[PDB]
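Only one chain is included here, represented as C-alpha cells and corresponding to the form deposited in one PDB entry.
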C-alpha cells in the first residue's frame, strides 16, 4: 500500500483549525487501526466543491506537491471521494498553528531576533517558490504556520498562480478573494501579480510581525484610517489606489529597528523594478540577525 493515498473513512475529525472563503482545514487522525493511535494530519477541503472550484483546488494541490522546502508546509497526500470526485488535501499538522495566532498570543515575549528568524525563513520559502515561477498573491501572517518556536512555514497556496511561460506577471481577470490591504498598487489597478507584488506583500508581513498583530494597528485598520473610515466597498479600492500613488504607507511600527523599517519601505516601492529580490532580502535579513546576535 501507498501512504499518499488516504482512505476517507479512516480520517477521524478531531477539531477545526481554520476557515477561509472557499475552504477549511481540520485536524484529523488517520486511524485505520481504529485504536486512536494513527497519525495526526491537517486536512484541507472545499466548502463548495463546485466543478470550477475543484479544478482550481486540484491545481493548488499539484502546486503544493511540487514544493519541497524547509519553509513550505509538507504535502502528505490526497483523499478522493467516489463519484463526484471531491478532493481533500492531506498535509503535515504543524502544531503551533498560524503565525498570526501565535504572535497575537505571545506578543513581545517573542523578541526581535526571533521575529527576524521567522522573517528570514519566510523570505527563503518565497525565494524558493519564485524559482518555480509561482506567485503566491496572499502572503500574510495568517497564511504562515508555526512548526515550533524555531521554524515557520508558508502554509497555504489557495491564491497561488503559475506565471505563463513568456511573461513575468499573471493577470487575474475576474478576482474572487482579494486581500487588498496586502496588494501592490499594480495589483489594485490592473490585477497584475508578479514576484515583485509578492515582495510588496512580504513588506506588509514584516509590518505585521513588528506590530505583534495588534488589531488597532493591522494593515486594514491603518489603511482605513488613512483613507477615512467612511469609505466603503469599491470606494476603498479607489481611495487606497490614490493613497498608495501619493506615497501614503503604513507607519513605522512602535519599537521597530531602523534597518527593518528600511526594508519594509523598500518593498513598498511604487516602481515594480525597484523592489528588492527575495534572494537579496534573505541575505540582508540574515546579515541583520548576525549583527544582532
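Residues that one form lacks are left out of the comparison. Residue numbers count along the first chain shown, from 1. Heads up, when I say rigid core I mean the largest set of C-alphas that superpose within 1.5 Å between the two forms.
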item	value
Third-or-more of other entries without residue 179	no
Unmodelled in at least a third of other entries of this protein, residue 270	no
Average Cα temperature factor in the PDB entry - higher stretch of 237-245, 49-57	49-57
Higher-scoring stretch by recorded Cα B factor average, 155-163 or 82-90	82-90
Candidate set 230, 70, 258, 62 [ranked by C-alpha B-factor, highest]	258
Selection from 132, 74, 124, 105 [criterion: highest C-alpha temperature factor in the record]	105
Third of the chain's Cα B-factor distribution that residue 33 belongs to, per the entry	highest
Third of the chain, ranked by Cα B-factor, where residue 109 sits	highest
Position of residue 150 among the chain's modelled residues by C-alpha B-factor, lowest, middle or highest third	highest
Residue 97 - which third its CA temperature factor falls in, relative to the rest of the chain	middle
Relative C-alpha B-factor of residue 169, binned into the chain's lowest, middle or highest third	middle
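The same protein has a further form, the form deposited in another entry, not shown here; the description that follows concerns it.
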{"property": "Core superposition between the shown form and the other one, C-alpha change of residue 175 at least 2 Å", "result": "yes"}
{"property": "Note on residue 84-residue 92 C-alpha separation in the other entry, which departs from the shown form by 3 angstroms or more", "result": "closer"}
{"property": "Distance trend in the other entry - C-alpha atoms of residue 84 and residue 65, change of 3 Å or more", "result": "closer"}
{"property": "Shifted regions of at least three residues between the shown form and the other one, judged by C-alpha displacement of 2 Å or more after core alignment", "result": "83-86, 173-177"}
